[PDB]
Amino acid sequence: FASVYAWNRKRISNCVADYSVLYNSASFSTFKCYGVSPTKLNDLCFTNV
Amino acid sequence: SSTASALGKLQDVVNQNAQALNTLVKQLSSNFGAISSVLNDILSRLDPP
Amino acid sequence: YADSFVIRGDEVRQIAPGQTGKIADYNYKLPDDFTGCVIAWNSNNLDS
């Protein structure tokens, strides 16, 4: 991974993402959302991540 | 048959009544502080708390 | 009502009214409204 002052940034487009396999695969200390609920990400449909 | 604004007293009560109903619909697109001005979109992406 | 159970210390934030997580979505779920008081202490050298 990159350094905090030199943080890597990439773009996600044109895919069928699945956020349930990021949510339920529990290996994470903090997992919090802002303005979105974590369970409704299965239904949402975005322009860019 | 020729001179317009011969009935300018009756046109005002139509213009006043329509400008008020016009401003009532246009206040449905304000946020008033929230993240969205549309009620379906905060029910499609947030938890009931 | 006094409900008694054991968890670890990482999941002690999961017991509060109205939030998600591992315990709250599948085990002990507290309704939004108030319950009362929530009391906790350590059992490292008492029961383990």
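Yes or no, residue by residue, for (1) part of a loop (DSSP other than H, G, I, E, B); (2) polar (S, T, N, Q):
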site: A:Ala6; (1), (2): yes, no
site: A:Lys10; (1), (2): yes, no
site: A:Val21; (1), (2): no, no
site: A:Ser27; (1), (2): yes, yes
site: A:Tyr34; (1), (2): yes, no
site: A:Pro38; (1), (2): yes, no
site: A:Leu44; (1), (2): yes, no
site: A:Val49; (1), (2): yes, no
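Within segment B:33-44, track down each residue that is on the phi < 0 side of the Ramachandran plot and either within 14 Å of chain C (Cβ to nearest Cβ) or loosely packed, with under 10 Cβ neighbours inside 10 Å (or both). Walk me through how you get there before you give the answer.
Kept after step one, since they are on the phi < 0 side of the Ramachandran plot, are these residues of segment B:33-44: B:34-44.
Selection gives B:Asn40 alone.
Do we find that B:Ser30 is hydroxyl-bearing (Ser, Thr, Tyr), more than 14 Å from chain A (Cβ to nearest Cβ) and within 30 Å of A:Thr39 (Cβ to Cβ) in this structure? Outline the logic, then answer.
On the way: hydroxyl-bearing (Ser, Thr, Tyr): yes; more than 14 Å from chain A (Cβ to nearest Cβ): yes; within 30 Å of A:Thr39 (Cβ to Cβ): yes.
Yes, satisfied.
Scanning segment C:23-36 for residues that are exposed (fewer than 10 other Cβ atoms within 10 Å of the Cβ) and within 12 Å of C:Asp3 (Cβ to Cβ) yields one hit, C:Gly36. Evaluate the following for A:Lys40: is it over 12 Å from the mean Cα position of the chain (by Cα) and surrounded by 10 or more Cβ atoms within 10 Å (Cβ to Cβ)? The answer is yes for A:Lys40.
With ideal geometry, Cβ positions are generated from the backbone for all residues, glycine too; neighbour counts draw on all protein chains shown. Since every read-out is calculated from the coordinates, none of them should be taken as a lab result.
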